[PDB]
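One structure below.
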Amino acid sequence: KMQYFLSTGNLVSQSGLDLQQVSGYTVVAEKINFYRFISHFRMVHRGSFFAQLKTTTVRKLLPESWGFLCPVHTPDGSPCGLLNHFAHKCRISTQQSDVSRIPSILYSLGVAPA
Amino acid sequence: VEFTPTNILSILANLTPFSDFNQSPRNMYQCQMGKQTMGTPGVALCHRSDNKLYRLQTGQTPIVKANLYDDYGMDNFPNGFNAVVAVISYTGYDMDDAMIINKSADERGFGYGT
Amino acid sequence: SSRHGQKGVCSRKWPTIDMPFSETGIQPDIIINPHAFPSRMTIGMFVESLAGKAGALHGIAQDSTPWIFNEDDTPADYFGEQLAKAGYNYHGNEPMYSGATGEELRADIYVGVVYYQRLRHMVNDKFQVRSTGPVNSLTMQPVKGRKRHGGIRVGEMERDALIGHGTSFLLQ
Amino acid sequence: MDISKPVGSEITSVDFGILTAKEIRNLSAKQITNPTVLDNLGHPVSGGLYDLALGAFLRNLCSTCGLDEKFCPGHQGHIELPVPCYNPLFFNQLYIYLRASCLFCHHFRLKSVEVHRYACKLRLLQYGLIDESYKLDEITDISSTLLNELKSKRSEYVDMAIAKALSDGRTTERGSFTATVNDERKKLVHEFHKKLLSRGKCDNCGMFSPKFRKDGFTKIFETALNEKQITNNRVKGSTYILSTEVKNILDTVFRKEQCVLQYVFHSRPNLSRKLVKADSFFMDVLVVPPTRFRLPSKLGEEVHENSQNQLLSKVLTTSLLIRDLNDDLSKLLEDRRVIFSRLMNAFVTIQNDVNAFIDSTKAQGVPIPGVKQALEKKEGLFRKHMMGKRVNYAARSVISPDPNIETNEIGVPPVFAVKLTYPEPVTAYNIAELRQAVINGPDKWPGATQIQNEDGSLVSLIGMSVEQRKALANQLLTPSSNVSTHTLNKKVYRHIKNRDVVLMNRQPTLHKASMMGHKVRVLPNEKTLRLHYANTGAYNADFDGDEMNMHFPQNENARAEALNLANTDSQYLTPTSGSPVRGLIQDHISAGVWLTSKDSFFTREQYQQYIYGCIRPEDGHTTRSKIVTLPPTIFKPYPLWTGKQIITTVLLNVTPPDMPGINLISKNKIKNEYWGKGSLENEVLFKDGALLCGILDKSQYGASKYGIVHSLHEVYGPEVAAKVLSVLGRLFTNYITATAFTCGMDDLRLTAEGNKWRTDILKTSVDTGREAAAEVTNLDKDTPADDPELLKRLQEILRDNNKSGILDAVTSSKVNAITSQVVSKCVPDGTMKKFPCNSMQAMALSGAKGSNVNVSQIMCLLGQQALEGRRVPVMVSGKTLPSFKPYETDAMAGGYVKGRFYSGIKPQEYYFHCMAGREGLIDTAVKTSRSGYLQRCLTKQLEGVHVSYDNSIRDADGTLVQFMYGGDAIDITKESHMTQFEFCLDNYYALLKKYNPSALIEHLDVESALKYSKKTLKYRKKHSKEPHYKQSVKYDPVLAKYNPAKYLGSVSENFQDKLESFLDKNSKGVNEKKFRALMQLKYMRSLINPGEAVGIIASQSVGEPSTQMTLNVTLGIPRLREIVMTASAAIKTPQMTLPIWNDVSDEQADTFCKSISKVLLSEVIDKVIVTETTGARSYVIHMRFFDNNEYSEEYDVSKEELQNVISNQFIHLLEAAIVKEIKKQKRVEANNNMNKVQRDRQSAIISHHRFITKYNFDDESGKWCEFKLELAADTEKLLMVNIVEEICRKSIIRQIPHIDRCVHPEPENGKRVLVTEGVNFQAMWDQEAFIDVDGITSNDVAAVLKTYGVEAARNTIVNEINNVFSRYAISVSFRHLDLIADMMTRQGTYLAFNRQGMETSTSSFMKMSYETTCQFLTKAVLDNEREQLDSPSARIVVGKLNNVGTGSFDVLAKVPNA
Amino acid sequence: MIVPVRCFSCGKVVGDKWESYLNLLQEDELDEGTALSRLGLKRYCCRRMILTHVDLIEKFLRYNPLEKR
DNA sequence: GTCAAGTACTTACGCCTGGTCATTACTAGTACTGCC
DNA sequence: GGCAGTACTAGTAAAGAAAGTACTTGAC
RNA sequence: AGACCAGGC
Ligand SMILES: Nc1nc2c(ncn2[C@@H]2O[C@H](COP(=O)(O)CP(=O)(O)OP(=O)(O)O)[C@@H](O)[C@H]2O)c(=O)[nH]1
Ligand SMILES: [Mg+2]
Ligand SMILES: [Zn+2]
Ligand SMILES: [Zn+2]
Ligand SMILES: [Zn+2]
């Protein structure tokens, strides 16, 4: 059932997840090029719900993406503004960082406890 | 302050040379078409069994390249060739978007691929 | 294609004796039109030509990561003074001759090397023929698809484009 | 199709009807009964869905006809549904007659004399008697003595009306049915059904019927008849009802009322005299389709049965369940108690199965698609396989450019030259070349691949050798050894040659010139189609990987059309504007700037090389068989020819001799200042065919009006002008390969003085963003950028959408002034290399490729980067980007970039420029789905509109759209030089050779139309001082009385007025009468031909220039959405233009617009303070206004008028909203003794209104108003501030109805204009003293329809569709706009181009093919509508020749003998 | 992949100059400009063959299916 | 009769080229084997 | 030697972010 | 033949 998810991209869920789309989660890594192959691992997608949608304001290049999303590396046509790629020094957290001493040092900076 | 103003662009966006001299859609087209080239996918092609695979025979490293080119190891994957390009109306066969090759260039193997 | 979005198909593999040739003796193995530049404004390809030719002469590579040049040190001045120290023209030009008539051309032709890219869009993956072939079983109309030896579609927008000429036997 | 296999009969019409069950037991091949499709060992079981009686299946002969798979057509069978079940197509119309009928006397619940009133009105509408059906209402508790007599007078009136009209040559006994009698029939049936359903008691016998409840589909419920009205059932002397009971009711209703439903269910008179039955709404027998049309889904081993077999299996499974449920009723209390509750469960599921077979969305249950959904949408049957089809004999490959092709050809590869083939039947003249074609075989070009024998047999040449193949070449022309085939000859499928024809086609085919007909010239090398550059402007085809289709026609009727009619030489002028689309493009235009320069001198070896390099007399480009030359310009010291004189003798050899040279005075795109002081090279001068002055440019050759090539097209013809582009295409190519053209880095540099200029105007821009900000924020004078009052209000500007819109418009306006100061100085004056040497600048002035704004961004200044009207968007924090500080007033921070593409853009100039680049690609890509559906809606309504032989353009069914095309019946592609009189006078002796006046006097009438053209010109010059309503006209225009294509001199009036104006101002060996007698034959030859598909042209002249827009009034493609597609009476921004009288001044106008512009009670209040006290809920509503010296100056609202709005307008709405909420929750100042008139004013408000117990107003200053408001203790808490706010925004002080604002703009184009923001004509007719009431135009085309009539809305729709192309400077001619107007107003109403504006139409296959197929299908079959196959949509479904153009006439053959 | 015989613009034999170039960069410590001039490569079309050759065949050759590893 | 709003059905650019995956549970049966 | 338990087998049954009109039902 | 994915103009 996990080989079916990867081979098709369909999300079969009895208690549907917090996701709008239900299909199109996996994509063939091409190796048609090495520029193509490394670009699969840096791309972000907004969702296939937003593709079949006749608005424009979700496809915009916002100024909040300074250094997080790339301005130019975005396909032309239908995925324009929706599929886009990270800046090359933008890295994504993947582990819960240490937090347990931060309330212990915020009370000494003047925070009155809740 | 940022470490460098090029950590806002992506992998493919940093490798287009003199990117701040082009118009904005033509930098967006090169990130699309740079990941559609006939380059070298790998070097383990005797051990691969992919159903379709393009391979340009003799790639070259570019004269004009970013410093991020040699840092991601793109010399391991040559995607083109340096070509003596004249910007001339001489032929009559190259007006709208077309272009010509020297005939004896690719009788010698210019841009040959399998 | 180039590395600046200058795509285009090949027209004719032009023979070497018919190509233009410089005073150095070389011949350009790619000709691009100067009319692909003004509407597109890919000035990065003009400066890759200077930087490419000034690097193959001295045996050096030049970094081209963006915003290493200001407005005061233009790369037309940086790569121009490298071409002057090699004995070539400051503006990247070369005196060239015609291959057909053998005459001196008017202006010095702008040359230099840039890095091209061969795209995967060949004609052999395009290019479908059909006189006849297999048809669909439901409608006895030709099959969709190049690999199944099928036909191209004359859709709705092509239909009334045959009405608009007034041609009525082309539509039938 | 074989041309040697004719077919005898023709489908002339179709009509729609319902299969009764008796037909589909006689039609049937075999009733199929078991729900198993095929058993083991793959055999189709006898009696199943796959049976051998229903067709041959999978290498097994049919049991009905005994033929194999290839020759069995397939046979229909049936199943036996045990209960009569609902047909889901007719359930909405069954449920109307299921209701509205009495369950006791079985009439409808109307009175029977009013049901008869529709039966006699609909009988009149079956015939063409739309007028007499309104005279039938003139024929006019109540005894049945006279109602029996009233039905006789209405029926004898119809029998007298029908018999008179059938004898007064008006209506055939088959009945006249047009489009506008389909209007009043659908209008009358919808009046009939709406009045049937609204009944309480049956008005024949007065008692109620229990009402019905439609749960959804598959079920029906009768509701409980109440106890109050069962008494009426006793003084006359919930439950799921079965589908067998509904048929029992409605079989009785349709017999008591047969005489009405013969006319409800028939559009045309029922000649067959059949009954209409209630069985026809149900279905008792399903028709299983033949097994050819439901073959299984075969894919290797993965064999799945068809989706219809899975639906029909469930109907048979349920049909054998219910047969085994009714086997217990023969066995027979509990055995009866449970077996009936499951039998009625089986009644629902067999209905739920017959739903799912027909319609997958009427089936409660990812679902399997039904019969309806194989027809509906894109990927349906009409749109996917009928209006568009995959085709044989057709190619597609990438295109590469090719000169040295004669501009009417396509260059075909060898690999399409071998596969594509053409049937030539053999004759006495083909056996020379077609015997060598068959000998060459299938692989040698020129060759052949198949021989079709006389017998229809077909012999392939593929697997044959050359010795066998020479034997078939001598057998090729032999007499027949069969009598039945004695007049036939063999057809040899030869390869495509250099003489064939080809359709070329690039998608999208937005207009008709994107699908042309080319000749073929094979090329011997590679696999790509090869196109000349003159075709690239029409197909919109660059060479960055474009592939375009190639269709090869297969008979001589289609070869003759694609060479003469859809030819590429005929399509030089597009019919949108009349402007050309064909011309040389990029290198040929920059060469002609250098070749025609004064510097270009050519010696004798060079001069004679350029002429033979382009003429080449053996290919027949010359007209003399010997190249003639000119004497040189300079004789001594040595001969030289100027490059003007190259094109002089180019245009001398390709032109016909003994016809004089062309005379042409035009200009070009390069000014005289770019050449030098005192140059005259701007104007071009051809005199006697000799270029004497000026540069040939894009404006001369190229897609440009009134050039030299466009003037060769008029004087010499379209075949000459296509040849001159071939010669100039080769002359400018060989000049380039000998004298070349280049651009470089050298062409992009400014001087040291030019860069000094640029960096000093750009130092002015460093304070512009603050000066623009301080204007909008209204801070005083020279305020600093970090002023805390400046930073406060800029945050207020940011949070509001419109306040940020006027910051981004004032600041953009000032920085584009700085941009224009750089460009007007630094180029051409500050550029290092200059024209003509500056090649970047030379190809932008010449229009070869580029613009002046492009070299601005390269060499000077990239400019303000603008978003959707605005500047760069701003974050929440006020930063426009993280690099800038929050709310800085810098022009660089808001998108104005100062770098250029030569020197470079900064990293934040780069990022802002990335925003504008993506925005242009989103609007290019995803916003052309709005223009492409504009053109689909246009082309479906206008596909049949065409010129008739009456010179009267009309629809395909026969109804008339206009009386003459554009009012003058002339083609757009011929009226170019019609009013260019000084051109046609200089070229008189050469235009006389192509119109030839004296040779055409014989077949014409010259005497008659010229007399009446002088009796109306002289009459109108005497009149026409008075306006149009005063004109007792007494004389028609000469163009409506005489046929302009037959009578010489029947011209339009402004052609007659402009000819005589030219022929009076400049009086100048041709005299005066020979010139007007040649323009009148040129006008007559510029008439439009009968058969022109005009409505397609008029719909492609809007949808294709709408894609020049992509790829406080609304504008562009959303404006065309409102006018053309929706026809909205609820227009988004209605306006009204009010002309000011010249007597009243501008101070009497802006003090007048305050009386029209509305004033809200919200617009006068500073603040409102409630005071809720409890412990009796007491609300003290204290509402605080502005000063009386403040609101009586802004809005001029007086103090006493403000008191009455509170008294008589505000409180009446406030009290109504409080009672609304109480219902829905059940689930400083002095004393009061100033004067008694305030006590009396208080005492009235307490008396009139509901719960106000105190009221007082500031009667001395108007500043406050305070009224008490009391409630009880039962009521819980109301907000009472959100109540007061939402009532204060609704209460109006001074409102003119439907008008919100009145604005006085600046006077545009001379006349004085006062625009309101709403439409009310009745109220602007009282303001005679200020407004010219005879000039009040408008914007709302549905409101000018309501008050000024049909024709004034027709004029308003043309002007509203004209000025949507005037913002974009797109010229589409007024004849396309005329016909879109006259099609939208053809019923006297304002109909849209959608499925609601096309319901009034005769062609049913047009309506079925467009959208909602099985809703127009049910309306066609419940009308029993016969359609005469008139629309082009209806003739493609059934396969007729189209009625437009070539199929607008027959061809007859004069046989010589009797 | 491997060094091009006979450069793409004029046709000068170039394929014999790859192993000399790596000798003239490692053993004789030269820069790339002097080493292209000593091998006789004067025209800049000839110079950009040996200057920009990747020599990617050495990465291919480490996948030898005909020997144990 | 009546305006009223809620509800229901309806469309949303054209053409072209590749590639993949595609019914699941279960239920009764015949056979395999461990056993005494 | 033959009985019954499992493990399989092949067998046949269930599978949440667009804008327009037309219509009934709905208070009054 | 569908669905999804990746593309071309
Ligand atoms: N009907 C459609 N046509 C399209 C679509 N996408 C692209 N096209 C066609 O492809 C072409 C795309 O042109 P480009 O995006 O390259 C704009 P560009 O600046 O490159 O034009 P040039 O300056 O002439 O090169 C254009 O002619 C369109 O007719 C589409 O979604 N629908
Ligand atoms: Mg293109
Ligand atoms: Zn049969
Ligand atoms: Zn009754
Ligand atoms: Zn070389």
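Which chain is which? The protein sequence lines are A, B, C, D and E, in order. Whatever position you read off the first sequence (first residue = 1), add 459 for PDB author numbering. Whatever position you read off the second sequence (first residue = 1), add 688 for PDB author numbering. Whatever position you read off the third sequence (first residue = 1), add 917 for PDB author numbering. Using PDB author numbering, the letters of the fourth sequence correspond one by one to residues 1 to 140, 172 to 268, 312 to 406, 413 to 445, 451 to 1153, 1160 to 1202, 1214 to 1277, 1287 to 1338, 1433 to 1663. Here PDB author numbering is used: position 44 in the fifth sequence is 44, and no number is missing along the way. We put the CB at the ideal spot given by N, CA and C, even for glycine.
**Prompt:** Alpha carbon to alpha carbon, how far is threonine 802 of chain B from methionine 962 of chain C?
**Reply:** 28 angstroms
query: Could you give the residue range of the beta strand (DSSP E) that holds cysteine 927 of chain C?
result: 927-931
Chain B contact residues for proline 955 of chain C, given Cβ-Cβ distances below 8 angstroms | What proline 955 of chain C touches in chain B: nothing, since even the nearest Cβ is about 11 angstroms away.
### Task
Report, in whole angstroms, the separation of the C-beta atoms of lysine 1551 of chain D and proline 955 of chain C, which I expect to be a contact under 8 angstroms.
In fact, because the Cβ distance is near 53 angstroms, the residues do not count as touching under 8 angstroms.
Listing by chain order, which chain A residues have their CB less than 8 angstroms from the CB of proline 958 of chain D? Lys519, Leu521 and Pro522
Practice prompt. Spatial neighbours of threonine 853 of chain D within its chain, please: CB distance less than 7 angstroms, with the 5 preceding and 5 following residues excluded, ordered by chain position.
Written response: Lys899, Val900, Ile903 and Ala976
Here's the rule: buried if 16 or more other CB atoms are within 10 angstroms of the residue's CB, otherwise exposed. What is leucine 1027 of chain D?
buried
Any chance the CB of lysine 919 of chain D is under 7 angstroms from a heavy atom of ligand 5? no
Notebook entry, point to check: According to DSSP, is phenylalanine 16 of chain D helix, strand or coil?
Noted result: coil
Q) Closest by CA to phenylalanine 71 of chain D, which one among D:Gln694, D:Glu80 and D:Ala56? A) D:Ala56
Please name the residues in the segment 996-1016 of chain D whose beta-carbon is closer than 8 angstroms to at least one beta-carbon of chain B, in chain order. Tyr996, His998, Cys999, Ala1001, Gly1002, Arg1003, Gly1005 and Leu1006
Worksheet item: Using a C-beta to C-beta distance shorter than 7 angstroms, which residues of chain A count as neighbours of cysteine 719 of chain B?
Response: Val531 and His532
Check whether the Cβ atoms of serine 1054 of chain C and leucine 369 of chain D lie closer than 8 angstroms to each other.
yes
Determine which residues share a DSSP beta bridge with residue 1212 of chain D and list them. There are no atomic positions for residue 1212 of chain D here, as chain D continues from 1202 directly to 1214.
Can you determine whether any heavy atom of ligand 1 sits closer than 7 angstroms to the C-beta of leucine 816 of chain D, and answer yes or no? no
Could you tell me the distance, in whole angstroms, from the CA atom of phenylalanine 1254 of chain D to the CA atom of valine 1524 of chain D? 17 angstroms
Heavy atoms of ligand 3 versus C-beta positions, residues under 5 angstroms
D:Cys62, D:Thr64, D:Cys65 and D:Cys72
- [ ] Enumerate in chain order the residues of its own chain whose CB-to-CB distance from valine 389 of chain D is below 6 angstroms, with the five nearest sequence positions on each side excluded.
- [x] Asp433
>> Just verifying my parser: in three-state terms, what is the DSSP assignment at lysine 919 of chain D?
In response: coil
* Asked: In chain order, what residues have a CB nearer than 7 angstroms to some heavy atom of ligand 5?
  -> C:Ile943, E:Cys7, E:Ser9, E:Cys10, E:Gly11, E:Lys12, E:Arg43, E:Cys45 and E:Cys46
- Query: Is the segment 981-990 of chain C close to the segment 698-709 of chain B, with three or more CB pairs under 8 angstroms?
  - Reply: yes
Original post:
Cβ of residue 269 of chain D versus every heavy atom of ligand 1: is any distance shorter than 7 angstroms?
Top reply: Chain D lacks coordinates between 268 and 312, the interval that contains residue 269 of chain D.
Of the residues D:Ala533, D:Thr621, D:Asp885 and D:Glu1513, the one placed nearest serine 545 of chain D, counting alpha carbons only
D:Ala533
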